[PDB]
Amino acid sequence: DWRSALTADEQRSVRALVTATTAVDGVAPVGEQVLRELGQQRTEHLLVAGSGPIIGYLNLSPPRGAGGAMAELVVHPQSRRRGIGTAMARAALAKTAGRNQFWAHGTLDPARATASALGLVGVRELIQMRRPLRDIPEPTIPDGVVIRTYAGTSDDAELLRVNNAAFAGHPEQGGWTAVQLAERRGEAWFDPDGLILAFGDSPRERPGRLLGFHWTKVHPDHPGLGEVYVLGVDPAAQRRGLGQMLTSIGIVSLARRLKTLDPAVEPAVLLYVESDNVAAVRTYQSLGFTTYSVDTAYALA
């Protein structure tokens, strides 16, 4: 039975399934956007009850922007190999007439095996890379560039202009409106001091225009973990060293934010990047990031 919205109680039950599974598998089974979708009316949901907590959950997001339908799903660790995962995946495939993809975060063995049993193949590879926060860079800020941080909604127009130009065609990051910014500003981890903006200054043709930005994020449920959450440079100002510079500034910012009674943890910064985004992979390789895990999107061949 598909539901177009979930009650507060249903949301609490799905969240418990997701967090419990994250602890057992070592990787969250559904992404952050699915957790935001639990309380909105934009997607469709399947809930599978035991004989009785919720033991299976699938979210199906419809096409939006340049992207197609996408499903994420999870089955309680103690209810696996009972056919629930197959049942939910077949339902989504039948509902979209075989057109949706499925994310397997961390591309764990059970998901690889389920994908083969269903006849699916990997069609998209999202790599998670990490770099320790030791030996931080000294960033070089070129003349004609001034850096500052997010001041509030007066900065949204420029941020959206640069985001949509840099991510034109990106299935999830492109074609944003003020609503996408607002839903992330309401997240517990949002910190205006961690959204770094690079503006053109007098020397350049367009003083005051945003050239690029680096939105950093500190993970709340993982001590010592930061993220290059969104990094983007206006196409008009690309290939001039600004991406490398912005990434370095954000690493410095995170290093500063991440005593005797603090647990010993070697802090690290992670990022996600499409395997075929050549420009970005080169920028990150240059700065010492290395592969950590892979998220694979599966679909009909």
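One rule holds for the numbers: they count along the sequence shown, beginning at 1.
In terms of unmodelled positions of the deposited sequence, the stretch from residue 51 to residue 52 in this entry skips 1 to 3 residues. Count the deposited residues lacking coordinates between residue 258 and residue 259 and you get 1 to 3 of them.
Stretches 195 to 203 and 156 to 164 differ in mean C-alpha B factor, with the higher average recorded for 195 to 203.
Averaged over their C-alpha atoms, the temperature factors of 234 to 242 and 23 to 31 are higher for 234 to 242. Across 39, 263, 62, 250, the greatest Cα temperature factor reported in the deposited entry is at 263. When the Cα B-factors of 86, 101, 116, 128 are read from the PDB record, 116 comes out highest. When all modelled residues of the chain are sorted by CA temperature factor, residue 11 is found within the lowest third.
Ranked within its chain, residue 294 lands in the lowest third, by CA B factor from the PDB record. The entry lists a Cα temperature factor for residue 227 that places it in the lowest third of the chain's modelled residues. Per-chain ranking of the deposited C-alpha B factor places residue 97 in the middle third. For residue 187, the recorded CA temperature factor ranks within the highest third of the chain's modelled residues.
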